[PDB]
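As structure tokens, the structure follows; a few thoughts come after it.
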Amino acid sequence: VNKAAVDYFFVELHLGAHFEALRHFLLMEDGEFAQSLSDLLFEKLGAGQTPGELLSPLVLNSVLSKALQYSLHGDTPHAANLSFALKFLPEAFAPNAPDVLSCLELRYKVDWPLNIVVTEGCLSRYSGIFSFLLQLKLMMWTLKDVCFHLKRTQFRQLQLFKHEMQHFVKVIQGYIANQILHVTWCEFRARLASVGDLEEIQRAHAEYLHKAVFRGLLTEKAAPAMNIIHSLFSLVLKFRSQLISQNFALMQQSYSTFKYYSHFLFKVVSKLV
Amino acid sequence: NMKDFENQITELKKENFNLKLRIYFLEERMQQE
Amino acid sequence: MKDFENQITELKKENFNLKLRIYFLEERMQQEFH
Amino acid sequence: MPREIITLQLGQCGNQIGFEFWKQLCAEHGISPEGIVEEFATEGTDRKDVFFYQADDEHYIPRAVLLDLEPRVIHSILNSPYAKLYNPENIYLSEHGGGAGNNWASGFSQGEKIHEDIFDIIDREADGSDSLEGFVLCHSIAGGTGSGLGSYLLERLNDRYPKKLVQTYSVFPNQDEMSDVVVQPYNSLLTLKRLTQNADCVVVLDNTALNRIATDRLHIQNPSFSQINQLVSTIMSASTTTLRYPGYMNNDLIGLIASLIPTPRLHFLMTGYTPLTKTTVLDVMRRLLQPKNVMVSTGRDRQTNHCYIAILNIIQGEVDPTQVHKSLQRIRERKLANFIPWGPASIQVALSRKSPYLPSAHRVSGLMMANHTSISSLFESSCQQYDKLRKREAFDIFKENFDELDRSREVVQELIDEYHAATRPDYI
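Just so you know, the sequences run in chain order H, S, P and Z. Take the first sequence: its letters are residues 1395 to 1547, 1558 to 1650, 1665 to 1691, numbered as in full-length UniProt numbering. The numbering of the second sequence is full-length UniProt numbering, which starts it at 59 and goes up by one. The numbering of the third sequence is full-length UniProt numbering, which starts it at 60 and goes up by one. Take the fourth sequence: its letters are residues 1 to 277, 287 to 404, 412 to 444, numbered as in full-length UniProt numbering.
Printed below as a string of structure tokens:
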């Protein structure tokens, strides 16, 4: 009975389709959407049009639909079903610190009663992954806008500093899921539903989601690492604004701090695992 | 969030209008009869 | 968000008034038509 | 919001390369060279509109105008349907049989006079783009026509598309054969000026190792221009492999190129092919670490220190991720190929994936772009070759005054010195 119920729930209930479309849109599976955003779309909200204007419902819905249409991977029903949720309303959009655009949170949709095994942990992990992807995309779009403003018409080594900063983030993202972890995460969620009870199937799915998050070293004890990364990202956003204007000091400091924080993070990683 | 409240306002405008219209139609029927 | 919630509450009050009048009119119709 | 990779063929060699690249984009996307895309292109992830814009008859029309300094390049291209995917206007051969006259001064004059024509053609071919990057100038700096047109039409196209880019490609003369006309120096000067002024990147091609590759590696000894055209078509298909077709990473392949083009002055990159006539990340690095093993002669000169600062390779092929990480670590930490010597312990290498119909000689088809001061030293050698028509007065850009050629040679030498500084931690 338990096996039959599990197979019926896991065969074609669109619950795993919800996770697949979340990984396709909440995590931007199609590179075309991200490229289009960083080339033309990441203009207003990238620096922040306005606390009220950047939160416009119709404009945001049109932007989401356009981002889905620019890519032939964000056409999934849950790709458009990625909705808006918030904890703090927009307050400021100064492009000096890393606060470029982190207001929107992607929330895909799943079938019912597939929420029998629904606990808060898996949804919270998915939302946090979407928020981290949004912050990384905000930093990358700030760099892209800096390059575009520089090319539109004391600034040397800016692109080198940007690449040095982005290398570790790209490595961590690939470790989370690039081509091997891209299937390992799927296999972990493929074993997410193998229990005789909804609580145990929920536990398996949540364990897979937590392992996917832990691949990026998302430990809660890393709040100081979050603070260090926040300082580095504020410097990165300020340097992106400076490079858009025409800073050289920001780039040199970015390279030096990249080396120093790399040594510090290596020491921390050695001390932890 | 606010999207649910915006949809609620859009539906509730028509809800209040429909309740008033049903009352008005009932009033017209009662006055005729 | 909160302004929309307040508008939802106001529309709930509007529907309340209209539908309470509707229930009163149904009472009047039950008193008159029968 | 889709994207399309535009281009423009200039010069006789440029137009031969343009026709070959239209055919290559069609084939790699899955479009038959006869001007109609086969239905097999739709199944694959190769987007024809990205490289060879499919016409209503599936004709994978490249977003480029096939204009030749020698009009015979496209006069006989009508018989061969390899450019039938392009629109009849897409094959826009230059009316003049001499084009811009194979003189660097006349080339700049022709490109600037075609400024209206170049801008109009860009606007006409810009319809098929929603999130594209920009246009190119697939030209040849061998004759001064190609390089002068490249620079002048680059200014004109920057005027037409300021927020976009028009990447000029200075395919210089055969480094293994002396030129009959010695006015090419101002052509190299103009190309170096267009590079260092605004463009973060610029293309310079030396045929010293390339002639050896064609004669022996490609086995085409005493070949015609078709060998060079075929190599250009292969390189265009390799680029469309990462642009038109989906790979494994680097969604912004142009972003990676801009990363290797971090400065308008440092506009030089080193290409690397492996093989160039079974590859783990480390094996591919061993197969293309040296500039000789690379497909572009990033000059091993002293004006720019021939130390590769950063590298980014379109290694078309899906290697294992654990092996990729191990090879990147070996390059970075074990000093096999360290990061930019101005940067901390890191790796300077990239990888790609092949096009839906583009194969690979090894596990990863190599076509690199290494921001190397060795490429800056190749630019320095070009600057030294840019004074042949100025100092010796050999054979507009030079005719009106040598200001363009001489200032461009000086700027090329200065950029060589700057990249010599940037190969090491003294970039400033």
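All C-beta atoms in this analysis are idealised placements derived from N, C-alpha and C, irrespective of residue type, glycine included.
Around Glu125/Z, the same chain offers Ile6, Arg63, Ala64, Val65, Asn90 and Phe135 as residues with beta carbons nearer than 8 Å, after the five sequence neighbours per side are excluded. Rounded to the nearest angstrom, the gap between the Cα atoms of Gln12/Z and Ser1525/H is 52 Å. For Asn1396/H, same chain residues with a beta-carbon under 7 Å away, outside a window of 5 residues either side, are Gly1600 in chain order. Taking 9 Å as the upper bound on Cβ-Cβ separation, chain H lies near residues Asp130, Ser131, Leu132 and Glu133 of the region 102 to 136 of chain Z.
Legend: CB atoms of the region 334 to 367 of chain Z lying less than 8 Å from CB atoms of chain H belong to residues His334, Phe348, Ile349, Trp351, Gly352, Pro353, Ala354, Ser355 and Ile356.
Against chain P, the CB of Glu64/S has a partner CB under 7 Å away; the residue lies at that interface.
The residue among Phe404/Z, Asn302/Z, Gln24/Z and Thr382/Z with its C-alpha nearest the C-alpha of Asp442/Z is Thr382/Z. In the DSSP assignment, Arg63/Z forms a beta bridge with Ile6/Z. Taking 8 Å as the upper bound for CB-CB distance, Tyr92/Z and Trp22/Z are not in contact here, some 12 Å apart. In this chain, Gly255/Z is not harboured by any beta strand (DSSP E); it is covered by the alpha helix (DSSP H) spanning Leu253 to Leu260. Taking a C-beta cut-off of 7 Å against chain P, the contacting residues of the region 69 to 88 of chain S are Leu70, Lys71, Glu73, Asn74, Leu77, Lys78, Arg80, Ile81, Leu84, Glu85 and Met88, listed in chain order. Excluding the 5 residues flanking it on each side, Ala238/Z has same chain C-beta neighbours closer than 7 Å at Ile323, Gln325, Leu367, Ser374 and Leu376, in chain order. Fewer than three Cβ pairs drawn from the region 1510 to 1518 of chain H and the region 1425 to 1437 of chain H lie within less than 8 Å of each other, which leaves the two stretches out of contact. Within chain Z, the residues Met1 and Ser131 have their CB atoms less than 7 Å from the CB of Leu1434/H, given in chain order. For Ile114/Z against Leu157/Z, the beta-carbon gap comes to about 10 Å, at or over 8 Å, which does not count as contact. Pairing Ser390/Z with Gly308/Z gives a Cβ-Cβ distance under 7 Å. The DSSP-derived three-state label of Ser390/Z is helix. Going by C-alpha positions, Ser259/Z is about 45 Å away from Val1405/H. If you look at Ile121/Z, you'll find it in the alpha helix (DSSP H) that goes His115 to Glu125. At least one CB of chain H lies nearer than 7 Å to the CB of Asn251/Z. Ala1473/H has a beta carbon lying at 7 Å or more from every beta carbon in chain S.
Around the beta carbon of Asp46/Z, 16 or more other beta carbons lie within 10 angstroms, which makes this residue buried.
For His371/Z, there is no enclosing alpha helix (DSSP H), since its DSSP letter is neither H nor E. Interface annotation, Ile1648/H: not in contact with chain Z, CB-CB separation never under 7 Å. The region 1667 to 1682 of chain H and the region 76 to 89 of chain S do not touch, with fewer than three beta-carbon pairs separated by less than 8 Å. According to DSSP, residue pairing for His1412/H in a beta bridge does not occur. The same chain holds no residue with a CB closer than 6 Å to that of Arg343/Z once the five nearest residues on each side in sequence are set aside. Close partners of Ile444/Z in chain H (Cβ separation under 7 Å): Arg1560.
Taking 8 Å as the Cβ-Cβ cut-off, the region 1450 to 1461 of chain H approaches chain S at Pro1451, given in chain order.
For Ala1479/H, the C-beta contacts it makes with chain S under 7 Å involve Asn59, in order along the chain.
Only residues of its own chain outside the window of five on either side were considered, and among them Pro185 and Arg425 have a CB closer than 6 Å to the CB of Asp396/Z, listed in chain order. In this structure, DSSP gives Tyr86/Z a state outside helix and strand, which the three-state scheme calls coil.
In its chain, beyond the 5 residues on either side, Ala209 have a beta carbon closer than 7 Å to the beta carbon of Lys301/Z. In chain order, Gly352 and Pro353 make up the part of chain Z whose C-beta sits under 8 Å from the C-beta of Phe1676/H.
As DSSP reads the structure, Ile356/Z sits in a beta bridge with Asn347/Z. Assigned with DSSP and collapsed to three states, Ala1491/H falls in coil, not helix or strand.
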